[PDB]
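J.: Fold the following.
(chains A and B, ligands or ions: 3)
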Protein chains: 2
Amino acid sequence: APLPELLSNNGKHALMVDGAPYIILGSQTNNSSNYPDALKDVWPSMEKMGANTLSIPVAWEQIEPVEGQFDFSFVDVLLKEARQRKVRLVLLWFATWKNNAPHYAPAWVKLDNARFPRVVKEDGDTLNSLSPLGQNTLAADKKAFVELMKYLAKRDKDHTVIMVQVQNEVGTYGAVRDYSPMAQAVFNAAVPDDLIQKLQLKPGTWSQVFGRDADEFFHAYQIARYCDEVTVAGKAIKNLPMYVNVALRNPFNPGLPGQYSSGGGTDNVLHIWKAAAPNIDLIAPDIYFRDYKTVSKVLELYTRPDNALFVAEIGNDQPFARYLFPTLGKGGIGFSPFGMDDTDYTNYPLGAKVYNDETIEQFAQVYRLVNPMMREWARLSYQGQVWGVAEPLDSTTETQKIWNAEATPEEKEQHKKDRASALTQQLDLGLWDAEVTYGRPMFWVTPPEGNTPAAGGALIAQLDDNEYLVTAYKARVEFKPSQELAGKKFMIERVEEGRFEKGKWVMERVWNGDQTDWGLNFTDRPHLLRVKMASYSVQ
Amino acid sequence: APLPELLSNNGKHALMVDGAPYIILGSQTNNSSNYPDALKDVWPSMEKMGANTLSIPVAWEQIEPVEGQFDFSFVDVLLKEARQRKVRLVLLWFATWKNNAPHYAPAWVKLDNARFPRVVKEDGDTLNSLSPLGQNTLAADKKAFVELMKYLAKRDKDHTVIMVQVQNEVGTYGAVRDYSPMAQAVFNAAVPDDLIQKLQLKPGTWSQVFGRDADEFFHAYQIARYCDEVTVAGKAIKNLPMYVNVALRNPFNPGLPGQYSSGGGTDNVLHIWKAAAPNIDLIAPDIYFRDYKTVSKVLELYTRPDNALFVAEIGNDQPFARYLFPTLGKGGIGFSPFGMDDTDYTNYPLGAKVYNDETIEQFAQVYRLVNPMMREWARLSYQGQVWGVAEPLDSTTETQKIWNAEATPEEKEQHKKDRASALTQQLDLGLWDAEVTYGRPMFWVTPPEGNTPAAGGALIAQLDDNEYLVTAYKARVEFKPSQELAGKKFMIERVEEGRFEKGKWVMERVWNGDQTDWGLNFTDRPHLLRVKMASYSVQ
Ligand code: NA
Ligand code: NA
Ligand code: NA
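T.: Numbers count the residues shown, from 1 in each chain, chains lettered A, B, ... in the order given. Ligands and ions are numbered 1, 2, ... in the order given. And now the structure:
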């Protein structure tokens, strides 16, 4: 079977798996589930979720517990159990950095600062974050990563593993960069030529060329180079797609580097990362912001002509499930909720307060919309036109409930109108537009009041000028002409509910009458529709 | 197999069973379950609880219903059923005293006051409490107890019965001592030499040597001698460990002897009991105080270089389960909740209002932490260093809930701070300290607010200078250096979850990342951890 690969063309992207575009409908384990005995607490969640791909760590400490006495016994069991369940894997290389720190590096690495040095603050104190200028550290990480890739080259010829994350949330908290003498010598030197050329900049030292951003851009550059080298060495063994995942700064109100993880692929240093690390396939956001506006901004910033969108981690609380829709609508190649296992941990406040079947079911319900068309959707996303939206108001707060109640009757009616309007989205589909609304009956035209909790969304793919594939969730989708018709009228020509079997459309039933008089109304159950529209003459 | 025995060395203790230290994770029946037909209502509770030892009465009235005519049919059945279930037994000899009174003595004893005399009050009235100076009573009790011990010598060679309680809550309510002419004659006489020598006192009569404490100390001494003689006679037949259990006085606010049970092993007469009864292995508190401060004080007073801690009875309501932790932390040899059977009785207000699976489960959940390491814990407790803590605030009262709500915003914030601080415990583990906190998320650092109801605790054993065995319940445990290091930093080197198999540690998984970033967080599920800490140079 051909290698998985990330294709980029015409500002669009596809993750090719087994020779065709693929969507990762993912689940990711908690951080301590990377052992054979823990897998029994991972698989059942995956099954309940309907996930097709598991993201799970492989730690440097476990594969090289003594230097270089390699142990791949976890990987062996993981591959075999994944294959039995017919799912794919994304392995997460937890090594020099995991959330800025070396906790998953072997004891012989993390306890030997002389050989493998830490970031030194400007005031001389040391942080528990390994410096990207540590040459021994790079060589050692690289060597172990190579051994892992050799294991996959020899033992995973059908590519059960489809992608590898290199490190996990790199960077440093508590300082902007390494200020050690070793780092200071490089910082005081000339900015490397290659970076100067790629950005279109005048030569100089770091402070001269970057000014107020020199410290942060320096750290980003050095980390990016470190990760790029590890990536190249591993890809020389087996050329799987590889990516890095970002501990995000708030895109609207980031604060200072060091408060956020400095040097990772934050939105202000994507240009540094892309210039410095041409061998890393994509830079993936880890999304734990709950609110629609911030999440939407993150999806906008990380979807670029030079960057495929992969939501490598997202919170597992209920409000996060609907972000699958805009993720896919942007041409995203995947989506992977974090902490989908029963190993007795909840990362609340970041995710769900409790982990049970209801937690899983919020994601299972949205994955059920995509699974039955996964390959067809992936192709259309890469080659054609897709759209995707989520319910754009967050669930009403207790503070907002109080303020709501204390309001004048005129103000309450105005608020309802404001909410209805905010809960109405327009999509321009060429000759036709769609209007998506949330939280209303399936009959008549009473205005939308939203779902409680906020949960809805819709996916649309264009099949032809007048024909669309549509599936949605707790929402109404209504079609209309995109431009004035000139003495023509319009209608729905035909709505079919069905499925793809061996790549061919099979009709189950025609929606008509009540089911198409008031838009196309979706609840929590999965329905995949082919909608054909027509303008017609009445002259 | 070798006889069970209580060892005492270097101010520490162990209950040896089958040649190694043992922890009684007990259950005790209600008072009327000591019959073959009642056992079907006892065993299922034991199984649901995960108890390893059953405490159950054997009554003088049932073994010698007619003088001279012994009946061990109950004991026969009990032994056989216990063996089938692979549990051990502690038999409770209910004889001359059961809660101060002779109700479990045969009719031919308790109805013959001439032969077997009662305590006489100073005013000449009689109380239903047998005088410890009644020589016929002592001889008769002793004779029956000897027959019981003969039955065990001949019919329990593998020591299904590991310990015997001699009497049950001895003493007298309603008077301080016996004031009968017979007792008055002894009280007026010289204090016995042996007691004078052992306490380091000047000879004299009771009033002269003890003053204001003479009446109470006299009753304690006489009862202690009576119980010691019974104990010696039984041990001459089979030398099992034997103990007495105490109807406690409130250690902070006891009131007067006679209001509490005068003459039992209350905290003010332990010195009398130890001097008078050298053959009784230990003196065990019966704990029905609900509140942390009082329970903690009782555990402190009963844990002594000359007294192994055994919580021979404790209430079976929810708040009591967490006291297993400090019991074991003090080097306790056992813990036995009272009334764990379904014989249609609740001793509420002393225990739980209702008896059902939930009542049992509160104890099952904490026994599940200890059972998998029972032998390893018992050894470490005897030979090494252990610690144990329980959540130190009791559940918030309705009165405190009202007061909390009516409070000013500044006062509410101060109260939360005060509670957080009270819900934070420090333990000095040598080179490392642990901080235990209760009722907080498993991620980030928001301050502890306590569990509702109060329920948490933690056990720690030292394996080496930098390595500890840890298990806890509804709590967070965080490690730090015990002393400022000098230009060194520190981290967790490794946390392994696992179990002991044939006395050897088997690793199941490594806790890392999220699972160790914010201390070690436990819910209601059992996890046994080996925690290795490291200081490291950054010079
Ligand atoms: Na248009
Ligand atoms: Na210390
Ligand atoms: Na200290």
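
J.: make it CA atoms for all contacts and neighbour counts henceforth
T.: Fine.

J.: Wait, a strand at residue A:313?
T.: Yes: the assignment for residue A:313, made by DSSP: H, G, I helix; E, B strand; the rest coil, places it in a strand.

J.: Could you pull up the contacting residues of it?
T.: By C-alpha atoms under 8 Å, 6 or more residues apart in numbering or on different chains, the contact set of residue A:313 is A:28, A:285, A:286, A:287, A:335, A:336, A:337, A:338.

J.: Remind me which helix or strand the second one belongs to.
T.: In this structure, residue A:285 sits in strand A:282-287 according to DSSP states H and E.

J.: tell me which residues in the following helix or strand past that strand are buried?
T.: With elements assigned by DSSP H and E, the helix or strand that comes after strand A:282-287 is helix A:292-302. Across helix A:292-302, burial judged by 16 or more other C-alpha atoms under 10 Å in any protein chain shown covers A:292, A:294, A:295, A:296, A:298, A:299, A:301, A:302.

J.: and what of stretch A:224-243?
T.: Across stretch A:224-243, burial judged by 16+ other C-alpha under 10 Å covers A:224-235, A:237-243.

J.: again with stretch A:107-122
T.: Neighbour-count burial for stretch A:107-122 flags A:107, A:109, A:110, A:111, A:113, A:116, A:117, A:118, A:119, A:120, A:121 (criterion: 16+ other C-alpha under 10 Å).

J.: Tell me which helix or strand comes right after the longest strand along chain A.
T.: Longest strand in chain A, counting residues (DSSP state E): strand A:488-501. For strand A:488-501, the following helix or strand on the C-terminal side (DSSP H and E) is strand A:504-511.

J.: Kindly report the residues of the stretch 401-539 of chain A close to ligand 1.
T.: Taking C-alpha under 5 Å from the ion as the contact definition, the stretch 401-539 of chain A meets ligand 1 at A:430, A:482.

J.: show me where the stretch 401-539 of chain A has helices.
T.: A:409-422, A:514-517 (DSSP state H, counting those that start in this stretch).

J.: Same list (these) but as TSV, adding distance to ligand 2.
T.: Formatted as TSV, those follow (distance: least, C-alpha to the ion, whole Å):
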stretch	distance to ligand 2
helix A:409-422	61
helix A:514-517	74
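
J.: Using a markdown table, lay out those helices together with distance to ligand 3 and mean neighbour count.
T.: Output for the helices of the stretch 401-539 of chain A, formatted as a markdown table (distance: least, C-alpha to the ion, whole Å; neighbours: other C-alpha atoms under 10 Å in any protein chain shown):
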| stretch | distance to ligand 3 | mean neighbour count |
| --- | --- | --- |
| helix A:409-422 | 59 | 13 |
| helix A:514-517 | 74 | 15 |
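
J.: which stretch among the ones you listed comes nearest chain B?
T.: Closest to chain B of the helices of the stretch 401-539 of chain A is helix A:409-422 (C-alpha to the nearest C-alpha; 30.1 Å).

J.: contacting residues around that closest one?
T.: The contact list for helix A:409-422 (C-alpha under 8 Å, 6+ apart) reads A:392, A:393, A:404, A:447, A:448, A:449, A:450.

J.: Just the CA atoms of it, as PDB, please.
T.: C-alpha atoms of helix A:409-422 as PDB (Å, rounded to 0.1, in the frame of the first residue of the first chain):
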ATOM      1  CA  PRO A 409     -40.200  43.500  28.500                       C
ATOM      2  CA  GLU A 410     -39.100  45.600  25.500                       C
ATOM      3  CA  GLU A 411     -35.400  44.600  26.100                       C
ATOM      4  CA  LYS A 412     -36.400  40.900  26.400                       C
ATOM      5  CA  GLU A 413     -38.100  41.100  23.000                       C
ATOM      6  CA  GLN A 414     -35.200  42.900  21.500                       C
ATOM      7  CA  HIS A 415     -32.800  40.300  22.900                       C
ATOM      8  CA  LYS A 416     -34.800  37.500  21.300                       C
ATOM      9  CA  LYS A 417     -34.600  39.200  18.000                       C
ATOM     10  CA  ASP A 418     -30.900  39.800  18.400                       C
ATOM     11  CA  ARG A 419     -30.300  36.100  19.200                       C
ATOM     12  CA  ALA A 420     -32.500  34.900  16.300                       C
ATOM     13  CA  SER A 421     -30.400  37.000  14.000                       C
ATOM     14  CA  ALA A 422     -27.100  35.800  15.500                       C
END
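
J.: if I pick the closest residue to ligand 2 within the stretch 1-150 of chain A, what's in contact with it?
T.: With C-alpha to the ion as the measure, residue A:111 is the residue of the stretch 1-150 of chain A nearest to ligand 2, at 22.4 Å. Counting by C-alpha under 8 Å, 6+ apart, residue A:111 touches B:534, B:536, B:537.

J.: and the first one, what are its bridge partners?
T.: The bridge-partner assignment for residue B:534, based on DSSP bridges, gives residue B:491.

J.: Phi, psi for the residue in chain A positioned nearest to ligand 1 please.
T.: Relative to ligand 1, the nearest point of chain A is residue A:430 (3.8 Å; C-alpha to the ion). Dihedral angles of residue A:430 (phi, psi; degrees, to the nearest 10) stand at phi 110, psi -110.

J.: Can you tell me the closest non-neighbouring residue to it?
T.: Leaving aside its chain neighbours, residue A:430 sits nearest to residue A:482 (6.6 Å; criterion: C-alpha to C-alpha, 6 or more residues apart in numbering or on different chains).

J.: Quick check: the residue of the stretch 351-500 of chain A nearest chain B.
T.: For the stretch 351-500 of chain A, C-alpha to the nearest C-alpha, closest residue to chain B: residue A:353, 8.6 Å.
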